>>> print(open('target20.json').read())   # JSON, N, CA and C atoms and all ligand atoms
[["chain", "number", "residue", "atom", "x", "y", "z"],
["A", 1, "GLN", "N", 175.51, -21.58, 33.09],
["A", 1, "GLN", "CA", 175.47, -23.00, 32.67],
["A", 1, "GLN", "C", 175.26, -23.89, 33.90],
["A", 2, "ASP", "N", 175.53, -23.37, 35.07],
["A", 2, "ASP", "CA", 175.35, -24.18, 36.30],
["A", 2, "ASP", "C", 173.89, -24.09, 36.76],
["A", 3, "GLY", "N", 173.04, -23.52, 35.96],
["A", 3, "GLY", "CA", 171.61, -23.40, 36.35],
["A", 3, "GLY", "C", 171.42, -22.16, 37.23],
["A", 4, "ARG", "N", 172.35, -21.24, 37.17],
["A", 4, "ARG", "CA", 172.23, -20.01, 38.01],
["A", 4, "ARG", "C", 171.46, -20.34, 39.29],
["A", 5, "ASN", "N", 172.11, -20.93, 40.25],
["A", 5, "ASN", "CA", 171.41, -21.27, 41.52],
["A", 5, "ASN", "C", 170.93, -19.99, 42.21],
["A", 6, "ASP", "N", 171.52, -18.87, 41.87],
["A", 6, "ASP", "CA", 171.11, -17.59, 42.50],
["A", 6, "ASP", "C", 169.82, -17.08, 41.84],
["A", 7, "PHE", "N", 168.84, -16.74, 42.62],
["A", 7, "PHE", "CA", 167.57, -16.23, 42.03],
["A", 7, "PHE", "C", 166.72, -15.57, 43.12],
["A", 8, "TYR", "N", 165.81, -16.31, 43.72],
["A", 8, "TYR", "CA", 164.95, -15.71, 44.80],
["A", 8, "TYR", "C", 164.35, -16.82, 45.70],
["A", 9, "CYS", "N", 164.44, -16.65, 47.00],
["A", 9, "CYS", "CA", 163.85, -17.66, 47.93],
["A", 9, "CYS", "C", 162.39, -17.25, 48.14],
["A", 10, "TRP", "N", 161.47, -18.12, 47.85],
["A", 10, "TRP", "CA", 160.02, -17.78, 48.00],
["A", 10, "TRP", "C", 159.71, -17.34, 49.44],
["A", 11, "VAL", "N", 160.45, -17.80, 50.41],
["A", 11, "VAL", "CA", 160.13, -17.40, 51.82],
["A", 11, "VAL", "C", 160.43, -15.91, 52.03],
["A", 12, "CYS", "N", 161.53, -15.42, 51.51],
["A", 12, "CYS", "CA", 161.87, -13.98, 51.70],
["A", 12, "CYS", "C", 161.61, -13.22, 50.41],
["A", 13, "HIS", "N", 161.49, -13.90, 49.31],
["A", 13, "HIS", "CA", 161.27, -13.18, 48.03],
["A", 13, "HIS", "C", 162.54, -12.39, 47.72],
["A", 14, "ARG", "N", 163.62, -12.72, 48.37],
["A", 14, "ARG", "CA", 164.91, -12.00, 48.14],
["A", 14, "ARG", "C", 165.99, -13.00, 47.73],
["A", 15, "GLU", "N", 167.05, -12.53, 47.13],
["A", 15, "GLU", "CA", 168.13, -13.46, 46.70],
["A", 15, "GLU", "C", 169.27, -13.42, 47.73],
["A", 16, "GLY", "N", 169.90, -14.54, 47.97],
["A", 16, "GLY", "CA", 171.02, -14.56, 48.96],
["A", 16, "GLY", "C", 171.02, -15.89, 49.71],
["A", 17, "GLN", "N", 172.13, -16.57, 49.74],
["A", 17, "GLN", "CA", 172.20, -17.87, 50.47],
["A", 17, "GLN", "C", 171.05, -18.78, 50.01],
["A", 18, "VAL", "N", 171.12, -19.27, 48.80],
["A", 18, "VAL", "CA", 170.04, -20.16, 48.30],
["A", 18, "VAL", "C", 170.65, -21.43, 47.69],
["A", 19, "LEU", "N", 169.99, -22.54, 47.83],
["A", 19, "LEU", "CA", 170.53, -23.81, 47.26],
["A", 19, "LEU", "C", 169.69, -24.21, 46.04],
["A", 20, "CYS", "N", 170.24, -25.01, 45.16],
["A", 20, "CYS", "CA", 169.47, -25.43, 43.96],
["A", 20, "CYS", "C", 168.79, -26.78, 44.20],
["A", 21, "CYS", "N", 167.49, -26.86, 43.99],
["A", 21, "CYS", "CA", 166.79, -28.16, 44.20],
["A", 21, "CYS", "C", 166.47, -28.77, 42.82],
["A", 22, "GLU", "N", 166.59, -30.06, 42.68],
["A", 22, "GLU", "CA", 166.32, -30.68, 41.35],
["A", 22, "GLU", "C", 164.87, -31.18, 41.29],
["A", 23, "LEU", "N", 164.29, -31.47, 42.42],
["A", 23, "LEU", "CA", 162.89, -31.98, 42.42],
["A", 23, "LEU", "C", 161.93, -30.84, 42.77],
["A", 24, "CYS", "N", 162.43, -29.63, 42.84],
["A", 24, "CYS", "CA", 161.56, -28.48, 43.19],
["A", 24, "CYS", "C", 162.18, -27.19, 42.64],
["A", 25, "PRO", "N", 161.44, -26.12, 42.70],
["A", 25, "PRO", "CA", 161.89, -24.79, 42.21],
["A", 25, "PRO", "C", 163.41, -24.73, 42.05],
["A", 26, "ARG", "N", 163.86, -24.40, 40.88],
["A", 26, "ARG", "CA", 165.33, -24.37, 40.61],
["A", 26, "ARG", "C", 166.11, -23.74, 41.77],
["A", 27, "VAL", "N", 165.55, -22.78, 42.46],
["A", 27, "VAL", "CA", 166.32, -22.14, 43.57],
["A", 27, "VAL", "C", 165.49, -22.12, 44.86],
["A", 28, "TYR", "N", 166.12, -22.33, 45.98],
["A", 28, "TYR", "CA", 165.37, -22.29, 47.27],
["A", 28, "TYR", "C", 166.32, -21.92, 48.42],
["A", 29, "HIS", "N", 165.75, -21.52, 49.52],
["A", 29, "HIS", "CA", 166.55, -21.07, 50.70],
["A", 29, "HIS", "C", 167.01, -22.23, 51.58],
["A", 30, "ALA", "N", 168.17, -22.08, 52.17],
["A", 30, "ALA", "CA", 168.68, -23.10, 53.13],
["A", 30, "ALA", "C", 168.57, -22.47, 54.52],
["A", 31, "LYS", "N", 168.58, -21.16, 54.56],
["A", 31, "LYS", "CA", 168.48, -20.43, 55.85],
["A", 31, "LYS", "C", 167.04, -20.55, 56.34],
["A", 32, "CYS", "N", 166.12, -20.11, 55.54],
["A", 32, "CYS", "CA", 164.69, -20.18, 55.93],
["A", 32, "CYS", "C", 164.36, -21.62, 56.33],
["A", 33, "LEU", "N", 164.99, -22.56, 55.68],
["A", 33, "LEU", "CA", 164.74, -23.99, 56.01],
["A", 33, "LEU", "C", 165.58, -24.34, 57.25],
["A", 34, "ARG", "N", 166.47, -23.45, 57.62],
["A", 34, "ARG", "CA", 167.32, -23.70, 58.82],
["A", 34, "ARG", "C", 168.24, -24.89, 58.56],
["A", 35, "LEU", "N", 168.85, -24.94, 57.41],
["A", 35, "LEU", "CA", 169.77, -26.07, 57.10],
["A", 35, "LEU", "C", 171.19, -25.70, 57.53],
["A", 36, "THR", "N", 171.86, -26.58, 58.22],
["A", 36, "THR", "CA", 173.24, -26.26, 58.69],
["A", 36, "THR", "C", 174.25, -27.05, 57.86],
["A", 37, "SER", "N", 173.78, -27.87, 56.96],
["A", 37, "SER", "CA", 174.72, -28.68, 56.12],
["A", 37, "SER", "C", 174.62, -28.20, 54.67],
["A", 38, "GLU", "N", 175.70, -28.30, 53.94],
["A", 38, "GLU", "CA", 175.67, -27.85, 52.52],
["A", 38, "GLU", "C", 175.92, -29.05, 51.60],
["A", 39, "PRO", "N", 174.86, -29.68, 51.16],
["A", 39, "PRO", "CA", 174.95, -30.86, 50.26],
["A", 39, "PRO", "C", 175.26, -30.47, 48.81],
["A", 40, "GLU", "N", 175.93, -31.31, 48.08],
["A", 40, "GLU", "CA", 176.26, -30.97, 46.67],
["A", 40, "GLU", "C", 175.49, -31.90, 45.73],
["A", 41, "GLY", "N", 175.16, -31.43, 44.56],
["A", 41, "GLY", "CA", 174.41, -32.28, 43.59],
["A", 41, "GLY", "C", 172.91, -32.12, 43.84],
["A", 42, "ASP", "N", 172.11, -32.98, 43.27],
["A", 42, "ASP", "CA", 170.64, -32.88, 43.47],
["A", 42, "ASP", "C", 170.30, -33.02, 44.96],
["A", 43, "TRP", "N", 170.00, -31.93, 45.61],
["A", 43, "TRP", "CA", 169.67, -32.00, 47.06],
["A", 43, "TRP", "C", 168.15, -31.83, 47.23],
["A", 44, "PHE", "N", 167.58, -32.49, 48.20],
["A", 44, "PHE", "CA", 166.11, -32.38, 48.40],
["A", 44, "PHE", "C", 165.80, -31.55, 49.65],
["A", 45, "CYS", "N", 165.26, -30.37, 49.48],
["A", 45, "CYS", "CA", 164.94, -29.54, 50.68],
["A", 45, "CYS", "C", 163.91, -30.28, 51.53],
["A", 46, "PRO", "N", 163.96, -30.11, 52.82],
["A", 46, "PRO", "CA", 163.02, -30.78, 53.75],
["A", 46, "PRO", "C", 161.62, -30.85, 53.15],
["A", 47, "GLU", "N", 161.26, -29.87, 52.35],
["A", 47, "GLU", "CA", 159.91, -29.87, 51.74],
["A", 47, "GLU", "C", 159.77, -31.08, 50.81],
["A", 48, "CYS", "N", 160.72, -31.32, 49.94],
["A", 48, "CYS", "CA", 160.60, -32.49, 49.04],
["A", 48, "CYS", "C", 160.84, -33.78, 49.83],
["A", 49, "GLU", "N", 161.78, -33.76, 50.74],
["A", 49, "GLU", "CA", 162.07, -34.98, 51.55],
["A", 49, "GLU", "C", 160.86, -35.31, 52.45],
["A", 50, "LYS", "N", 160.20, -34.32, 52.97],
["A", 50, "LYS", "CA", 159.03, -34.59, 53.86],
["A", 50, "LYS", "C", 157.96, -35.38, 53.10],
["A", 51, "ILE", "N", 157.63, -34.96, 51.91],
["A", 51, "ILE", "CA", 156.59, -35.69, 51.12],
["A", 51, "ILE", "C", 157.17, -37.00, 50.60],
["A", 52, "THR", "N", 158.46, -37.08, 50.44],
["A", 52, "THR", "CA", 159.07, -38.34, 49.93],
["A", 52, "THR", "C", 158.96, -39.43, 50.99],
["A", 53, "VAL", "N", 159.16, -39.10, 52.23],
["A", 53, "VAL", "CA", 159.06, -40.13, 53.31],
["A", 53, "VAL", "C", 157.61, -40.61, 53.42],
["A", 54, "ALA", "N", 156.67, -39.71, 53.30],
["A", 54, "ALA", "CA", 155.24, -40.12, 53.41],
["A", 54, "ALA", "C", 154.88, -41.03, 52.23],
["A", 55, "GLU", "N", 155.62, -40.94, 51.16],
["A", 55, "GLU", "CA", 155.32, -41.80, 49.98],
["A", 55, "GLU", "C", 153.84, -41.66, 49.61],
["A", 56, "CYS", "N", 153.36, -42.48, 48.71],
["A", 56, "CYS", "CA", 151.93, -42.39, 48.31],
["A", 56, "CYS", "C", 151.05, -42.36, 49.56],
["A", 57, "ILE", "N", 150.59, -41.20, 49.94],
["A", 57, "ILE", "CA", 149.72, -41.11, 51.16],
["A", 57, "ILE", "C", 148.48, -41.98, 50.97],
["A", 58, "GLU", "N", 147.96, -42.03, 49.77],
["A", 58, "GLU", "CA", 146.75, -42.86, 49.52],
["A", 58, "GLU", "C", 147.17, -44.26, 49.06],
["A", 59, "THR", "N", 146.39, -45.26, 49.37],
["A", 59, "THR", "CA", 146.74, -46.64, 48.95],
["A", 59, "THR", "C", 146.35, -46.85, 47.49],
["A", 60, "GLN", "N", 147.19, -47.48, 46.72],
["A", 60, "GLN", "CA", 146.86, -47.71, 45.29],
["A", 60, "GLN", "C", 146.18, -49.08, 45.13],
["A", 61, "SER", "N", 145.04, -49.11, 44.49],
["A", 61, "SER", "CA", 144.33, -50.41, 44.31],
["A", 61, "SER", "C", 144.23, -51.13, 45.66],
["B", 1, "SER", "N", 178.61, -17.14, 40.68],
["B", 1, "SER", "CA", 179.23, -18.10, 41.63],
["B", 1, "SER", "C", 179.51, -17.40, 42.97],
["B", 2, "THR", "N", 180.73, -17.00, 43.18],
["B", 2, "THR", "CA", 181.07, -16.31, 44.46],
["B", 2, "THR", "C", 180.54, -17.13, 45.64],
["B", 3, "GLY", "N", 180.68, -16.64, 46.84],
["B", 3, "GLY", "CA", 180.19, -17.39, 48.02],
["B", 3, "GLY", "C", 178.67, -17.21, 48.14],
["B", 4, "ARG", "N", 177.95, -17.44, 47.08],
["B", 4, "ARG", "CA", 176.47, -17.28, 47.13],
["B", 4, "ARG", "C", 175.91, -18.14, 48.27],
["B", 5, "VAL", "N", 176.49, -19.28, 48.51],
["B", 5, "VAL", "CA", 175.99, -20.16, 49.60],
["B", 5, "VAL", "C", 177.15, -20.56, 50.51],
["B", 6, "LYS", "N", 176.86, -21.06, 51.68],
["B", 6, "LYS", "CA", 177.95, -21.47, 52.61],
["B", 6, "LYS", "C", 178.60, -22.76, 52.09],
["B", 7, "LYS", "N", 179.90, -22.83, 52.11],
["B", 7, "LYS", "CA", 180.59, -24.06, 51.61],
["B", 7, "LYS", "C", 181.73, -24.42, 52.57],
["B", 8, "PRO", "N", 181.40, -24.75, 53.79],
["B", 8, "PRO", "CA", 182.40, -25.13, 54.82],
["B", 8, "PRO", "C", 183.01, -26.51, 54.55],
["B", 9, "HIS", "N", 182.57, -27.17, 53.52],
["B", 9, "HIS", "CA", 183.13, -28.52, 53.21],
["B", 9, "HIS", "C", 182.97, -29.42, 54.44],
["B", 10, "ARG", "N", 181.84, -30.05, 54.58],
["B", 10, "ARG", "CA", 181.63, -30.94, 55.76],
["B", 10, "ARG", "C", 182.74, -32.00, 55.80],
["B", 11, "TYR", "N", 183.15, -32.49, 54.66],
["B", 11, "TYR", "CA", 184.23, -33.52, 54.64],
["B", 11, "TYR", "C", 185.41, -33.04, 55.49],
["C", 101, "ZN", "ZN", 164.61, -16.86, 52.55],
["C", 102, "ZN", "ZN", 163.51, -29.61, 47.28]]
>>> encode(input="target20.json", output="structure tokens")
Amino acid sequence: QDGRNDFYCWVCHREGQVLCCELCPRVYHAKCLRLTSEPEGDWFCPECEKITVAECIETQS
Amino acid sequence: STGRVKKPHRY
């Protein structure tokens, strides 16, 4: 019911030490991402945060 | 559940 955060990290294709992302693949690695902090709730892996800071790369109208 | 991930409680 917790969304089974355990599954497989695409970087290693193996399960173990993985965090749940809400804006990306239900499960992802924190080690491969080299994360030293453990956030709770909807966390954004550097991958989602990186594109979030760039915001709309193209100008609208 | 178990210690699947690190939970050192930053707080
Ligand atoms: Zn990995
Ligand atoms: Zn993410």
>>> atom_distance(input="target20.json", atom1="atom N of residue A:1", atom2="atom C of residue B:10")
26.0 Å
>>> closest_atom_pairs(input="target20.json", of="chain A", to="chain B", cutoff="10 Å", atoms="only C-alpha atoms", output="CSV")
residue,atom,partner,partner_atom,distance
A:2,CA,B:1,CA,9.0
A:4,CA,B:1,CA,8.1
A:5,CA,B:1,CA,8.4
A:6,CA,B:4,CA,7.1
A:15,CA,B:4,CA,9.2
A:16,CA,B:4,CA,6.4
A:17,CA,B:5,CA,4.5
A:18,CA,B:5,CA,6.1
A:19,CA,B:5,CA,7.0
A:29,CA,B:5,CA,9.5
A:30,CA,B:5,CA,8.6
A:31,CA,B:5,CA,9.8
A:36,CA,B:6,CA,9.1
A:37,CA,B:10,CA,7.3
A:38,CA,B:7,CA,6.3
A:39,CA,B:10,CA,8.7
A:40,CA,B:7,CA,9.5
>>> residues_near_ligand(input="target20.json", ligand="ligand ZN 102 (chain C)", cutoff="6 Å", atoms="all atoms listed in the file", output="ChimeraX atom specification")
/A:21-24,43-49
>>> closest_atom_pairs(input="target20.json", of="chain A", to="ligand ZN 101 (chain C)", cutoff="7 Å", atoms="all atoms listed in the file", output="JSON lines")
{"residue": "A:8", "atom": "C", "partner": "C:ZN101", "partner_atom": "ZN", "distance": 6.9}
{"residue": "A:9", "atom": "CA", "partner": "C:ZN101", "partner_atom": "ZN", "distance": 4.7}
{"residue": "A:10", "atom": "N", "partner": "C:ZN101", "partner_atom": "ZN", "distance": 5.8}
{"residue": "A:11", "atom": "C", "partner": "C:ZN101", "partner_atom": "ZN", "distance": 4.3}
{"residue": "A:12", "atom": "N", "partner": "C:ZN101", "partner_atom": "ZN", "distance": 3.6}
{"residue": "A:13", "atom": "N", "partner": "C:ZN101", "partner_atom": "ZN", "distance": 5.4}
{"residue": "A:14", "atom": "N", "partner": "C:ZN101", "partner_atom": "ZN", "distance": 6.0}
{"residue": "A:28", "atom": "C", "partner": "C:ZN101", "partner_atom": "ZN", "distance": 6.8}
{"residue": "A:29", "atom": "CA", "partner": "C:ZN101", "partner_atom": "ZN", "distance": 5.0}
{"residue": "A:30", "atom": "N", "partner": "C:ZN101", "partner_atom": "ZN", "distance": 6.3}
{"residue": "A:31", "atom": "C", "partner": "C:ZN101", "partner_atom": "ZN", "distance": 5.8}
{"residue": "A:32", "atom": "N", "partner": "C:ZN101", "partner_atom": "ZN", "distance": 4.7}
{"residue": "A:33", "atom": "N", "partner": "C:ZN101", "partner_atom": "ZN", "distance": 6.5}
>>> atom_distance(input="target20.json", atom1="atom C of residue A:20", atom2="atom C of residue A:35")
13.6 Å
>>> atom_distance(input="target20.json", atom1="atom CA of residue A:26", atom2="atom CA of residue A:55")
22.2 Å
>>> select_by_dssp(input="target20.json", residues="chain A", states="alpha helix (DSSP H)", output="VMD selection string")
chain A and resid 46 to 54
>>> build_atoms(input="target20.json", residues="stretch 34-55 of chain A", atoms="N, CA, C and O atoms", output="short mmCIF file (atom, residue, chain, number, x, y, z; two decimals), keeping the file's coordinate frame")
data_model
loop_
_atom_site.label_atom_id
_atom_site.label_comp_id
_atom_site.auth_asym_id
_atom_site.auth_seq_id
_atom_site.Cartn_x
_atom_site.Cartn_y
_atom_site.Cartn_z
N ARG A 34 166.47 -23.45 57.62
CA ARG A 34 167.32 -23.70 58.82
C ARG A 34 168.24 -24.89 58.56
O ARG A 34 168.41 -25.76 59.40
N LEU A 35 168.85 -24.94 57.41
CA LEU A 35 169.77 -26.07 57.10
C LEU A 35 171.19 -25.70 57.53
O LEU A 35 171.67 -24.62 57.24
N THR A 36 171.86 -26.58 58.22
CA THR A 36 173.24 -26.26 58.69
C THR A 36 174.25 -27.05 57.86
O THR A 36 175.45 -26.91 58.02
N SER A 37 173.78 -27.87 56.96
CA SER A 37 174.72 -28.68 56.12
C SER A 37 174.62 -28.20 54.67
O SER A 37 173.59 -27.76 54.22
N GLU A 38 175.70 -28.30 53.94
CA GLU A 38 175.67 -27.85 52.52
C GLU A 38 175.92 -29.05 51.60
O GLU A 38 177.04 -29.39 51.30
N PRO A 39 174.86 -29.68 51.16
CA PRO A 39 174.95 -30.86 50.26
C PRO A 39 175.26 -30.47 48.81
O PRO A 39 174.89 -29.40 48.36
N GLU A 40 175.93 -31.31 48.08
CA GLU A 40 176.26 -30.97 46.67
C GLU A 40 175.49 -31.90 45.73
O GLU A 40 175.20 -33.03 46.06
N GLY A 41 175.16 -31.43 44.56
CA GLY A 41 174.41 -32.28 43.59
C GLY A 41 172.91 -32.12 43.84
O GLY A 41 172.47 -31.22 44.52
N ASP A 42 172.11 -32.98 43.27
CA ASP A 42 170.64 -32.88 43.47
C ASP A 42 170.30 -33.02 44.96
O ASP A 42 170.31 -34.11 45.51
N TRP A 43 170.00 -31.93 45.61
CA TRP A 43 169.67 -32.00 47.06
C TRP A 43 168.15 -31.83 47.23
O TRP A 43 167.51 -31.13 46.48
N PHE A 44 167.58 -32.49 48.20
CA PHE A 44 166.11 -32.38 48.40
C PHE A 44 165.80 -31.55 49.65
O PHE A 44 166.04 -31.98 50.76
N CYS A 45 165.26 -30.37 49.48
CA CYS A 45 164.94 -29.54 50.68
C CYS A 45 163.91 -30.28 51.53
O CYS A 45 163.07 -31.00 51.01
N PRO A 46 163.96 -30.11 52.82
CA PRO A 46 163.02 -30.78 53.75
C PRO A 46 161.62 -30.85 53.15
O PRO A 46 160.87 -31.77 53.39
N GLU A 47 161.26 -29.87 52.35
CA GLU A 47 159.91 -29.87 51.74
C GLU A 47 159.77 -31.08 50.81
O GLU A 47 158.80 -31.81 50.88
N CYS A 48 160.72 -31.32 49.94
CA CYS A 48 160.60 -32.49 49.04
C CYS A 48 160.84 -33.78 49.83
O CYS A 48 160.18 -34.78 49.63
N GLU A 49 161.78 -33.76 50.74
CA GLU A 49 162.07 -34.98 51.55
C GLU A 49 160.86 -35.31 52.45
O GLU A 49 160.55 -36.46 52.67
N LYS A 50 160.20 -34.32 52.97
CA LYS A 50 159.03 -34.59 53.86
C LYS A 50 157.96 -35.38 53.10
O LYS A 50 157.43 -36.36 53.59
N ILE A 51 157.63 -34.96 51.91
CA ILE A 51 156.59 -35.69 51.12
C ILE A 51 157.17 -37.00 50.60
O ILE A 51 156.44 -37.95 50.34
N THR A 52 158.46 -37.08 50.44
CA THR A 52 159.07 -38.34 49.93
C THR A 52 158.96 -39.43 50.99
O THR A 52 158.69 -40.58 50.68
N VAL A 53 159.16 -39.10 52.23
CA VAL A 53 159.06 -40.13 53.31
C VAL A 53 157.61 -40.61 53.42
O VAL A 53 157.35 -41.77 53.63
N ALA A 54 156.67 -39.71 53.30
CA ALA A 54 155.24 -40.12 53.41
C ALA A 54 154.88 -41.03 52.23
O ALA A 54 153.94 -41.79 52.29
N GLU A 55 155.62 -40.94 51.16
CA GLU A 55 155.32 -41.80 49.98
C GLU A 55 153.84 -41.66 49.61
O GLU A 55 153.13 -40.83 50.14
#
